[PDB]
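Taking it in order: structure first as structure tokens, then the write-up.
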Protein chains: 2
Amino acid sequence: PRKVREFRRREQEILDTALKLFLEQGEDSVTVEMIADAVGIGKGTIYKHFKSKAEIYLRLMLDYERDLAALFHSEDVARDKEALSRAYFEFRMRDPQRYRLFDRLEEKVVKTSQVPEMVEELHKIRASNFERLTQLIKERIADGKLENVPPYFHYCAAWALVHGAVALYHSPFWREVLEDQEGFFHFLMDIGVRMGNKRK
Amino acid sequence: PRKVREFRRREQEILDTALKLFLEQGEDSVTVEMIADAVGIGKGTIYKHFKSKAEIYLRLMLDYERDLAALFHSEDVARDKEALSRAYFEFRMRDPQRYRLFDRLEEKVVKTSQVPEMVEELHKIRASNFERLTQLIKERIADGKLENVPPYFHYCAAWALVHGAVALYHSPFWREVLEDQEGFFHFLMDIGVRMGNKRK
């Protein structure tokens with residue numbers, strides 16, 4: 001499996017390197033040559049790893065859902081809720097600058113020359129994760145922690161917050177909160193986990 | 001006297017009439033001529049009370065803040081919290097399409113070199129309202145309701161939600177949330193009043 005493991009290493013750095021390159025400067029402002037030079041493998045191996053620039057885009061967005069999927073222990077026997085729900089909220093807001101980037105890339109790629117094999121593969125896992133989210137809510141309404149209301153009361157709520165906070169970390173002058181301020185983050189985590197919780 | 005009250009009818013009604021027209025039709029798709037006929041008076045009549053269409057915009061946004069100002073009963077000594085905290089959120093989300101209308105209207109022409117005589121009054125009234133909000137936040141940490149963290153931790157949360165919900169009340173598929181479910185509102189109300197509260 002040795003020829004395999006160094007393939008995955010080379011491929012991963014190119015993915016980690018590239019993400020900084022889009023997040024730094026600009027999403028459109030990078031090319032394979034910049035990513036090739038940032039890793040220094042001379043624009044030929046990266047070609048073998050990923051055929052096009054757009055392929056890296058979705059491979060990032062695919063892997064983003066793979067980790068959110070991996071966060072969901074996916075086997076729903078007992079296990080601790082809330083804490084997984086916290087791991088959810090921590091995950092959604094961990095890189096608000098990355099969040100808005102991925103929205104741009106889906107709006108970019110899907111309309112313009114989408115490589116649909118990964119786009120159509122993507123929506124499947126996104127809809128698969130959505131199911132696991134609504135499932136996570138139902139188990140939490142069953143225990144009695146969360147309030148007994150339709151699960152789209154909640155999944156829309158958990159969506160409205162995460163959409164607003166990322167809009168906070170972005171639109172105005174709140175560059176104070178964006179960097180450091182781990183007491184707003186863990187405060188914001190407690191906001192989501194305690195959102196809709198029942199009080200007698 | 002009797003001579004006074006009839007000024008207020010035209011101004012109030014035409015503004016109340018007009019506000020509905022933008023939300024139904026479009027903010028830019030309407031003109032004073034339609035608004036003159038929507039209540040059925042001469043355009044010349046509207047002209048004396050209100051100068052141009054673009055100026056009509058801010059008088060709504062001013063009155064929206066004028067009512068929010070009146071809501072914070074700094075006149076009153078007692079000062080009932082929580083219900084005022086709900087009255088805040090109830091006020092902010094009662095017309096989420098109007099919030100985006102005012103947000104969109106600010107994004108539109110009024111921001112760029114149009115009737116600034118009215119524009120700076122808004123910032124003054126908005127910044128004055130901001131004071132009463134952060135004041136209400138601090139007073140509620142005094143009682144022990146909110147968690148003891150810097151008082152704009154909460155104003156940032158309460159802003160991120162209200163920005164997300166308005167984006168939800170605007171989300172593509174949610175035509176039910178506005179009129180079918182009145183129980184989603186009271187769900188968010190219990191969410192807002194109980195947002196950031198301290199535990200044992």
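Chain labels run A, B, ... following the order of the structure tokens; each chain numbers its residues from 1, and ligands are numbered from 1 in the order shown.
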Give as a JSON list (two decimals) with N, CA, C and O atoms, in the first residue's frame every residue of chain A that touches chain B within 12 Å, counting only C-alpha atoms.
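part.json, written as the output of this step:
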```json
[["chain", "number", "residue", "atom", "x", "y", "z"],
["A", 146, "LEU", "N", -34.46, 19.15, 23.55],
["A", 146, "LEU", "CA", -34.97, 20.14, 22.61],
["A", 146, "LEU", "C", -36.49, 20.21, 22.72],
["A", 146, "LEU", "O", -37.15, 19.26, 23.17],
["A", 147, "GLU", "N", -37.06, 21.33, 22.30],
["A", 147, "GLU", "CA", -38.50, 21.52, 22.38],
["A", 147, "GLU", "C", -39.23, 20.71, 21.30],
["A", 147, "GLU", "O", -38.73, 20.52, 20.19],
["A", 148, "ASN", "N", -40.42, 20.23, 21.65],
["A", 148, "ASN", "CA", -41.20, 19.35, 20.79],
["A", 148, "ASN", "C", -41.95, 20.18, 19.75],
["A", 148, "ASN", "O", -43.06, 20.64, 19.97],
["A", 149, "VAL", "N", -41.32, 20.34, 18.59],
["A", 149, "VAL", "CA", -41.89, 21.08, 17.46],
["A", 149, "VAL", "C", -41.37, 20.46, 16.16],
["A", 149, "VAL", "O", -40.44, 19.64, 16.22],
["A", 150, "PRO", "N", -41.92, 20.80, 15.00],
["A", 150, "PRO", "CA", -41.49, 20.16, 13.75],
["A", 150, "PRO", "C", -40.00, 20.37, 13.50],
["A", 150, "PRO", "O", -39.48, 21.47, 13.71],
["A", 151, "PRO", "N", -39.29, 19.33, 13.06],
["A", 151, "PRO", "CA", -37.83, 19.43, 12.92],
["A", 151, "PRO", "C", -37.36, 20.53, 11.97],
["A", 151, "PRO", "O", -36.16, 20.84, 11.98],
["A", 152, "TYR", "N", -38.25, 21.14, 11.18],
["A", 152, "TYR", "CA", -37.81, 22.26, 10.36],
["A", 152, "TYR", "C", -37.95, 23.59, 11.07],
["A", 152, "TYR", "O", -37.41, 24.59, 10.59],
["A", 153, "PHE", "N", -38.69, 23.64, 12.18],
["A", 153, "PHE", "CA", -38.52, 24.73, 13.13],
["A", 153, "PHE", "C", -37.05, 24.85, 13.51],
["A", 153, "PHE", "O", -36.49, 25.95, 13.57],
["A", 154, "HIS", "N", -36.42, 23.70, 13.78],
["A", 154, "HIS", "CA", -35.05, 23.65, 14.28],
["A", 154, "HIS", "C", -33.99, 23.74, 13.18],
["A", 154, "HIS", "O", -33.09, 24.58, 13.26],
["A", 155, "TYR", "N", -34.07, 22.88, 12.15],
["A", 155, "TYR", "CA", -33.02, 22.91, 11.14],
["A", 155, "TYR", "C", -32.99, 24.24, 10.39],
["A", 155, "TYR", "O", -31.94, 24.62, 9.86],
["A", 156, "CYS", "N", -34.12, 24.94, 10.33],
["A", 156, "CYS", "CA", -34.10, 26.30, 9.81],
["A", 156, "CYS", "C", -33.49, 27.27, 10.82],
["A", 156, "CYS", "O", -32.76, 28.19, 10.44],
["A", 157, "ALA", "N", -33.79, 27.08, 12.11],
["A", 157, "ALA", "CA", -33.17, 27.89, 13.15],
["A", 157, "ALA", "C", -31.66, 27.72, 13.13],
["A", 157, "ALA", "O", -30.91, 28.70, 12.99],
["A", 158, "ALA", "N", -31.18, 26.48, 13.30],
["A", 158, "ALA", "CA", -29.76, 26.19, 13.20],
["A", 158, "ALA", "C", -29.15, 26.69, 11.90],
["A", 158, "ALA", "O", -27.93, 26.88, 11.83],
["A", 159, "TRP", "N", -29.96, 26.89, 10.86],
["A", 159, "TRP", "CA", -29.48, 27.49, 9.63],
["A", 159, "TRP", "C", -29.45, 29.01, 9.71],
["A", 159, "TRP", "O", -28.51, 29.64, 9.20],
["A", 160, "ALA", "N", -30.46, 29.61, 10.33],
["A", 160, "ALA", "CA", -30.54, 31.07, 10.37],
["A", 160, "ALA", "C", -29.39, 31.66, 11.17],
["A", 160, "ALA", "O", -28.80, 32.67, 10.76],
["A", 161, "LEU", "N", -29.06, 31.06, 12.31],
["A", 161, "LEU", "CA", -27.91, 31.50, 13.10],
["A", 161, "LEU", "C", -26.63, 31.42, 12.29],
["A", 161, "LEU", "O", -25.94, 32.42, 12.08],
["A", 162, "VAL", "N", -26.26, 30.21, 11.85],
["A", 162, "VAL", "CA", -25.01, 29.99, 11.12],
["A", 162, "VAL", "C", -24.91, 30.87, 9.89],
["A", 162, "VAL", "O", -23.81, 31.25, 9.47],
["A", 163, "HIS", "N", -26.04, 31.23, 9.29],
["A", 163, "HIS", "CA", -25.99, 32.14, 8.15],
["A", 163, "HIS", "C", -25.77, 33.58, 8.59],
["A", 163, "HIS", "O", -25.12, 34.35, 7.87],
["A", 164, "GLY", "N", -26.28, 33.96, 9.75],
["A", 164, "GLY", "CA", -26.09, 35.31, 10.26],
["A", 164, "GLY", "C", -24.72, 35.55, 10.84],
["A", 164, "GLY", "O", -24.11, 36.60, 10.59],
["A", 165, "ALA", "N", -24.23, 34.60, 11.64],
["A", 165, "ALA", "CA", -22.90, 34.73, 12.23],
["A", 165, "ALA", "C", -21.82, 34.86, 11.15],
["A", 165, "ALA", "O", -20.92, 35.69, 11.27],
["A", 166, "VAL", "N", -21.89, 34.02, 10.12],
["A", 166, "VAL", "CA", -20.95, 34.14, 9.01],
["A", 166, "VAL", "C", -21.10, 35.48, 8.31],
["A", 166, "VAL", "O", -20.12, 36.05, 7.81],
["A", 167, "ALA", "N", -22.32, 36.03, 8.29],
["A", 167, "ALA", "CA", -22.51, 37.37, 7.76],
["A", 167, "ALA", "C", -21.97, 38.43, 8.71],
["A", 167, "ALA", "O", -21.66, 39.54, 8.27],
["A", 168, "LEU", "N", -21.86, 38.11, 10.00],
["A", 168, "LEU", "CA", -21.26, 39.01, 10.97],
["A", 168, "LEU", "C", -19.74, 39.01, 10.85],
["A", 168, "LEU", "O", -19.11, 40.07, 10.77],
["A", 169, "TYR", "N", -19.13, 37.82, 10.84],
["A", 169, "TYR", "CA", -17.70, 37.65, 10.63],
["A", 169, "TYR", "C", -17.21, 38.21, 9.30],
["A", 169, "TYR", "O", -16.01, 38.18, 9.02],
["A", 170, "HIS", "N", -18.12, 38.72, 8.46],
["A", 170, "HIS", "CA", -17.77, 39.16, 7.11],
["A", 170, "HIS", "C", -18.11, 40.60, 6.80],
["A", 170, "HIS", "O", -17.20, 41.41, 6.59],
["A", 171, "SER", "N", -19.40, 40.95, 6.73],
["A", 171, "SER", "CA", -19.82, 42.21, 6.12],
["A", 171, "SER", "C", -19.16, 43.45, 6.71],
["A", 171, "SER", "O", -18.54, 44.20, 5.94],
["A", 172, "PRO", "N", -19.24, 43.73, 8.01],
["A", 172, "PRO", "CA", -18.80, 45.04, 8.48],
["A", 172, "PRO", "C", -17.38, 45.06, 9.04],
["A", 172, "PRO", "O", -16.50, 44.34, 8.55],
["A", 174, "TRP", "N", -16.20, 44.02, 11.84],
["A", 174, "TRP", "CA", -15.93, 43.12, 12.95],
["A", 174, "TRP", "C", -14.83, 42.16, 12.48],
["A", 174, "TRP", "O", -15.04, 40.99, 12.16],
["A", 176, "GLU", "N", -12.29, 42.45, 14.66],
["A", 176, "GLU", "CA", -11.95, 42.18, 16.05],
["A", 176, "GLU", "C", -12.41, 40.78, 16.46],
["A", 176, "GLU", "O", -11.67, 40.03, 17.10],
["A", 177, "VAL", "N", -13.65, 40.43, 16.11],
["A", 177, "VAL", "CA", -14.21, 39.14, 16.47],
["A", 177, "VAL", "C", -13.61, 38.03, 15.61],
["A", 177, "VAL", "O", -13.44, 36.89, 16.07],
["A", 181, "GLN", "N", -10.58, 36.06, 19.79],
["A", 181, "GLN", "CA", -11.91, 36.10, 20.38],
["A", 181, "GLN", "C", -12.51, 34.70, 20.42],
["A", 181, "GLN", "O", -13.57, 34.43, 19.85],
["A", 182, "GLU", "N", -11.84, 33.82, 21.16],
["A", 182, "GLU", "CA", -12.35, 32.47, 21.39],
["A", 182, "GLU", "C", -13.45, 32.46, 22.43],
["A", 182, "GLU", "O", -14.06, 31.40, 22.65],
["A", 183, "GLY", "N", -13.71, 33.59, 23.08],
["A", 183, "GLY", "CA", -14.80, 33.67, 24.02],
["A", 183, "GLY", "C", -16.11, 34.05, 23.36],
["A", 183, "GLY", "O", -17.18, 33.81, 23.93],
["A", 184, "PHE", "N", -16.06, 34.64, 22.16],
["A", 184, "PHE", "CA", -17.27, 34.78, 21.37],
["A", 184, "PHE", "C", -17.65, 33.46, 20.72],
["A", 184, "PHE", "O", -18.83, 33.10, 20.66],
["A", 185, "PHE", "N", -16.65, 32.74, 20.20],
["A", 185, "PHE", "CA", -16.88, 31.45, 19.57],
["A", 185, "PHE", "C", -17.57, 30.49, 20.53],
["A", 185, "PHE", "O", -18.67, 29.99, 20.25],
["A", 186, "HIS", "N", -16.93, 30.20, 21.66],
["A", 186, "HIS", "CA", -17.52, 29.29, 22.64],
["A", 186, "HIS", "C", -18.80, 29.85, 23.23],
["A", 186, "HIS", "O", -19.65, 29.08, 23.69],
["A", 187, "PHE", "N", -18.96, 31.17, 23.24],
["A", 187, "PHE", "CA", -20.26, 31.75, 23.56],
["A", 187, "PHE", "C", -21.27, 31.45, 22.46],
["A", 187, "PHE", "O", -22.40, 31.06, 22.75],
["A", 188, "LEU", "N", -20.86, 31.61, 21.20],
["A", 188, "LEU", "CA", -21.75, 31.33, 20.08],
["A", 188, "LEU", "C", -22.12, 29.85, 20.03],
["A", 188, "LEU", "O", -23.24, 29.50, 19.66],
["A", 189, "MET", "N", -21.18, 28.97, 20.39],
["A", 189, "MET", "CA", -21.48, 27.55, 20.47],
["A", 189, "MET", "C", -22.59, 27.28, 21.47],
["A", 189, "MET", "O", -23.57, 26.59, 21.17],
["A", 190, "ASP", "N", -22.44, 27.82, 22.69],
["A", 190, "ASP", "CA", -23.49, 27.72, 23.69],
["A", 190, "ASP", "C", -24.80, 28.34, 23.23],
["A", 190, "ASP", "O", -25.86, 27.97, 23.74],
["A", 191, "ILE", "N", -24.76, 29.27, 22.28],
["A", 191, "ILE", "CA", -25.99, 29.87, 21.77],
["A", 191, "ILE", "C", -26.76, 28.85, 20.94],
["A", 191, "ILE", "O", -27.98, 28.68, 21.10],
["A", 192, "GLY", "N", -26.06, 28.14, 20.06],
["A", 192, "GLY", "CA", -26.73, 27.18, 19.18],
["A", 192, "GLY", "C", -27.19, 25.94, 19.92],
["A", 192, "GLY", "O", -28.33, 25.49, 19.76],
["A", 193, "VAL", "N", -26.29, 25.33, 20.70],
["A", 193, "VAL", "CA", -26.64, 24.13, 21.46],
["A", 193, "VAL", "C", -27.83, 24.38, 22.38],
["A", 193, "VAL", "O", -28.66, 23.49, 22.58],
["A", 194, "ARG", "N", -27.95, 25.59, 22.92],
["A", 194, "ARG", "CA", -29.04, 25.94, 23.82],
["A", 194, "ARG", "C", -30.19, 26.60, 23.08],
["A", 194, "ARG", "O", -31.04, 27.24, 23.71],
["A", 195, "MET", "N", -30.24, 26.46, 21.76],
["A", 195, "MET", "CA", -31.26, 27.11, 20.95],
["A", 195, "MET", "C", -32.47, 26.19, 20.85],
["A", 195, "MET", "O", -32.36, 25.06, 20.36],
["A", 196, "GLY", "N", -33.61, 26.68, 21.32],
["A", 196, "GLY", "CA", -34.83, 25.90, 21.32],
["A", 196, "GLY", "C", -34.95, 24.89, 22.43],
["A", 196, "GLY", "O", -35.94, 24.15, 22.47],
["A", 197, "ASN", "N", -33.98, 24.82, 23.34],
["A", 197, "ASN", "CA", -34.03, 23.85, 24.43],
["A", 197, "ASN", "C", -35.25, 24.12, 25.31],
["A", 197, "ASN", "O", -35.64, 25.27, 25.52],
["A", 198, "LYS", "N", -35.84, 23.05, 25.83],
["A", 198, "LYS", "CA", -37.05, 23.18, 26.63],
["A", 198, "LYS", "C", -36.76, 23.71, 28.03],
["A", 198, "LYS", "O", -35.76, 23.35, 28.66],
["A", 199, "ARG", "N", -37.65, 24.58, 28.50],
["A", 199, "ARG", "CA", -37.68, 25.03, 29.89],
["A", 199, "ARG", "C", -39.09, 24.81, 30.41],
["A", 199, "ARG", "O", -40.05, 25.27, 29.79]]
```
Return as an NGL selection string the full set of residues in range 87-155 of chain A whose backbone-based DSSP assignment is alpha helix (DSSP H). :A and (87-92 or 96-111 or 116-143 or 151-155)
CA of residue 52 in chain B to CA of residue 93 in chain B: how many Å, to one decimal?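 That distance, rounded to one decimal, is 28.9 Å.
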Any idea what's packed within 7 Å of range 109-125 of chain A, counting only C-alpha atoms, ignoring anything in its chain fewer than 6 positions away? Could you give it as a ChimeraX atom specification? /A:58,62,65
Nearest residue to residue 73 in chain B from the set B:23, B:127, B:30, B:133 (distances using only C-alpha atoms):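 Looking at the shortest contact to residue 73 in chain B, the residue is B:133.
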Can you pull out every residue within 12 Å of range 5-8 of chain A, counting only C-alpha atoms, but drop anything in the same chain fewer than 3 positions away, and send it as a PyMOL selection string? chain A and resi 1-2+11-16+45-46+48-50
Can you measure CA of residue 80 in chain A to CA of residue 61 in chain A for me? One decimal in Å is fine. 27.1 Å
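Distance annotation: of A:92, A:81, A:66, A:43, the residue with the minimal separation from residue 140 in chain A is A:81; atom set is only C-alpha atoms.
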Which polymer residues have any atom within 9 Å of an atom of residue 38 in chain A, counting only C-alpha atoms, with same-chain residues fewer than 4 positions away left out, as a VMD selection string? chain A and resid 14 17 to 18 21 33 to 34
